[PDB]
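Understanding the architecture of this molecule
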Amino acid sequence: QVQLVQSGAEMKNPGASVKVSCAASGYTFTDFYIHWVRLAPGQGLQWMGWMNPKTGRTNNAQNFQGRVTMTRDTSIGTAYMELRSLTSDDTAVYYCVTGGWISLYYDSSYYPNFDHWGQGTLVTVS
Amino acid sequence: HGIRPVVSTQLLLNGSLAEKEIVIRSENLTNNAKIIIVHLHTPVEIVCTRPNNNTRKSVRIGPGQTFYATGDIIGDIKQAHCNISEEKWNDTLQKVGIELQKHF
Amino acid sequence: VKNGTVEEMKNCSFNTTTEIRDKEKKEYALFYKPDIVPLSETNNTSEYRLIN
Amino acid sequence: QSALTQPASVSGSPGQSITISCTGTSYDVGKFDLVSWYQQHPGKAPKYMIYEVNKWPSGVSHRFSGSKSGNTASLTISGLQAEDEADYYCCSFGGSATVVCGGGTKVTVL
Ligand SMILES: *[C@@H]1O[C@H](CO)[C@@H](O[C@@H]2O[C@H](CO)[C@@H](O[C@@H]3O[C@H](CO[C@H]4O[C@H](CO[C@H]5O[C@H](CO)[C@@H](O)[C@H](O)[C@@H]5O[C@H]5O[C@H](CO)[C@@H](O)[C@H](O)[C@@H]5O)[C@@H](O)[C@H](O[C@H]5O[C@H](CO)[C@@H](O)[C@H](O)[C@@H]5O[C@H]5O[C@H](CO)[C@@H](O)[C@H](O)[C@@H]5O)[C@@H]4O)[C@@H](O)[C@H](O[C@H]4O[C@H](CO)[C@@H](O)[C@H](O)[C@@H]4O[C@H]4O[C@H](CO)[C@@H](O)[C@H](O)[C@@H]4O[C@H]4O[C@H](CO)[C@@H](O)[C@H](O)[C@@H]4O)[C@@H]3O)[C@H](O)[C@H]2NC(C)=O)[C@H](O)[C@H]1NC(C)=O
Ligand SMILES: *[C@@H]1O[C@H](CO)[C@@H](O[C@@H]2O[C@H](CO)[C@@H](O[C@@H]3O[C@H](CO)[C@@H](O)[C@H](O[C@H]4O[C@H](CO)[C@@H](O)[C@H](O)[C@@H]4O[C@H]4O[C@H](CO)[C@@H](O)[C@H](O)[C@@H]4O[C@H]4O[C@H](CO)[C@@H](O)[C@H](O)[C@@H]4O)[C@@H]3O)[C@H](O)[C@H]2NC(C)=O)[C@H](O)[C@H]1NC(C)=O
Ligand SMILES: *[C@@H]1O[C@H](CO)[C@@H](O[C@@H]2O[C@H](CO)[C@@H](O[C@@H]3O[C@H](CO)[C@@H](O)[C@H](O[C@H]4O[C@H](CO)[C@@H](O)[C@H](O)[C@@H]4O[C@H]4O[C@H](CO)[C@@H](O)[C@H](O)[C@@H]4O[C@H]4O[C@H](CO)[C@@H](O)[C@H](O)[C@@H]4O)[C@@H]3O)[C@H](O)[C@H]2NC(C)=O)[C@H](O)[C@H]1NC(C)=O
């Protein structure tokens, strides 16, 4: 029932920015966080940032801080992430992942329950 | 007794308990202006918390003395709140009801 | 960030007298909204005072 | 090393259980126990196997299990099969509210 359909392979040159989108269904989109993870070849899973679709707060790992920005719109129910200062090492597969459940009373951003995964986009540089 | 110098306005926190029954106390229950104290037989547990993860900033103000203030919220923004077990609060409130009935 | 039942605070930047008593620097700190009041009849919505 | 320390090798055979370990700093996964493990077949998105060190979600086989102690958290595969030919990624609470993931362990029917 859950599905996160994503954009296509956004091949781009170094120096520019790459913007990926993942459209959500099944889950009530405002209820669950969206985390982002990256499979850089050679390296393992590499985590970029979370975003609260209900509030809009975002954070990034120190490798990505200041380099990644995110946005969405809850009516359509689609999520976006954009990466600045693209380079060759960013050639990787981006994956849009959701969970845990958002609450006003206990923080559950960092709770790494990547419940459902989108099919991917092959970002290639270049 | 080891009296608690507790600061609390609408509810009494970590206080002492009555030995056998819930108690009500007031200088004159006829007056609408006078406060009425209620003292419980068993406690009703309350838990409060800040889910916001503050970081303590250290600002310097003049000769050496520091002024501390909230820095960034390292984490997601969340609501500070309190909790009470609903059924136990209902039971305690209805029992204070029976004790209010003895005077009304 | 959208407001609501989240208890958003105000990021207030202000000048301080540093350890060099007759010299100053800009400094920032986050204060809860009840701690903060709009300034004065010389009205500017972007400028504030502590409630004291 | 970097991010999360994790092995990259196989140490078992079909029908035998295999245990895999994960580690960061004491500020990292050793703090809370917020851990999860994922399983990636080639050309597929990683599936969701273990969460909070010792729990698992619906639809997942009972074979997988895990534990932690101090700064080390581990995943245990029970009775390897041919379906286990995959890569297994550790992920956990990353400190300063971040989340991090490790290099990944290849698994085979060796
Ligand atoms: C103070 O106080 C306060 C209060 O007052 C508090 O707060 C709180 O807290 C708590 C604690 O934590 C919390 O809790 C949480 O919760 C969450 C949520 O839950 C909920 O929800 C869900 C969902 O729902 C939805 O959907 C459905 C379908 O499905 C539908 O139908 C409905 O309706 C809903 O809807 C939506 O939308 C709408 C629109 O309109 C609206 O209306 C609504 O509202 C919404 O929004 C659900 O599901 C749930 O339920 C469940 O659960 C419960 C509990 O447990 C139970 O009871 C039930 O029954 C169910 O169950 C389950 O399970 C079982 C077992 O056996 C089974 O059988 C069944 O079937 C089911 O399945 C509710 O309702 C949640 O989420 C959480 O939990 C989670 O997480 C955690 C953390 O991480 C963990 O630990 C756990 O374990 C879990 O996990 C899980 O999940 C997740 C997600 O969820 C994931 O991630 C993971 O992985 C896992 O998974 C699993 O499961 C799932 C399900 O869920 C599945 O799917 C899968 O596959 C697997 O299997 C928790 O619980 C709460 O929330 C809060 N509140 C608020 C308001 O916020 C505080 O805290 C205090 N403080 C202090 C300091 O103390
Ligand atoms: C409370 O309020 C206080 C203020 O009173 C806040 O403190 C301030 O917070 C600011 C934001 O974090 C911070 O500004 C930053 O300072 C650093 C200093 O090193 C500076 O480098 C930053 O500059 C980048 O960001 C600004 C926008 O903020 C951009 O306009 C600027 O161009 C810079 O972006 C470029 O460089 C980045 C690396 O620095 C790149 O990652 C980024 O992609 C971008 O790249 C460009 O070039 C690329 C090609 O090379 C291209 O691909 C790309 O598209 C771009 O063109 C920034 O100015 C203040 O320093 C800070 N001040 C103090 C006193 O702390 C505080 O955060 C508030 N707190 C809360 C909780 O709200
Ligand atoms: C609520 O807020 C509080 C306060 O912010 C949060 O607690 C804080 O959490 C911080 C962690 O995010 C923690 O910071 C640590 O500070 C120490 C200095 O005292 C510092 O050493 C730590 O940095 C190392 O560890 C982190 C992981 O925790 C690594 O990501 C980092 O890269 C550092 O490790 C690197 O250096 C080690 C020593 O050389 C190496 O062994 C290690 O392999 C790693 O090497 C790689 O990175 C190098 C660059 O760093 C690179 O050059 C090298 O080549 C390798 O690639 C860390 O920053 C605060 O101490 C802590 N504060 C308190 C008061 O608790 C709390 O988490 C928040 N709550 C929630 C729920 O998040």
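See the structure printed just above.
It is worth spelling out the pairing of strand β2 (residues 18–25) of chain A at this point. All names here are of chain A. Pairing geometry for strand β1 (residues 3–6) and β2, over four bridges, is antiparallel. From the neighbouring strand, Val-5 faces β2, where its bridge partner is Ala-23. Where β2 lies against strand β7 (residues 78–83), six bridges are found, and the strand directions are antiparallel. Looking at β7, one finds that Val-18 is bridged to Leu-83.

Moving on, we come to unusual backbone geometry. Leaving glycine aside, a negative phi is the common case for residues, and trans is the common case for peptide bonds. A cis amide bond links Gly-99 of chain A with the next residue in sequence, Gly-100 of chain A, at an omega value of 5°. Position of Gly-100 of chain A among the secondary structure elements: in strand β8 (residues 92–101). Looking along the chain, the bond that leaves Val-125 of chain A and enters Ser-126 of chain A is cis, with omega of 0°. If you trace the backbone, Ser-126 of chain A turns up in the segment after β10 (121–123). The phi dihedral of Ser-85 of chain A falls on the positive side, at around 55°, and the residue is not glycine. Note on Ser-85 of chain A: relative accessible area 47%, which makes it partly exposed. A positive phi angle is found at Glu-52 of chain D, which is not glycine, with a value near 50°.

With that settled, the discussion passes to the site of ligand 1. Near ligand 1 you find 18 residues, and of these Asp-31 and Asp-115 of chain A, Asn-83 of chain B together with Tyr-48 and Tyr-51 of chain D are the closest. More than a single chain frames ligand 1: its nearby residues are located in chains A, B and D. With respect to ligand 1, the side chain of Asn-113 of chain A contributes an N or O atom lying 2.9 Å from an oxygen atom. With respect to ligand 1, the side chain of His-81 of chain B contributes an N or O atom lying 3.2 Å from a nitrogen atom. For the shell around ligand 1, the elements supplying multiple residues, two or more each, are β6 (81–84) of chain B together with β3 (47–51) of chain D.

Rules of the game
- Along every chain, residues receive numbers from 1 upward following the written sequence, which is not necessarily the numbering found in the entry; those without coordinates are excluded from display.
- A letter from A marks each chain and a number from 1 marks each ligand, given out in the order of writing.
- The full assembly is larger than what is shown, and all values describe the shown chains rather than the whole.
- Each side-chain value is worked out from all heavy atoms of the structure, with water and hydrogens disregarded.
- Between any two strands, pairing holds if DSSP finds at least two bridges.
- Counting from the N terminus, the helices are the DSSP runs of H or I reaching at least four residues and the strands are the DSSP runs of E reaching at least two.
- The rule is simple: take the accessible area with a 1.4 Å probe, protein chains only, and divide by the maximum for that residue type; under 20% is buried, over 50% is exposed, in between is partly exposed.
- Proximity criterion: a residue is near a molecule or strand once any of its heavy atoms comes within 4 Å of it.
- Under this definition, polar contacts are N or O atom pairs within 3.5 Å; protein pairs additionally need one hydrogen-donor-capable and one acceptor-capable atom, and for neighbouring residues in sequence, both atoms have to be side-chain atoms.

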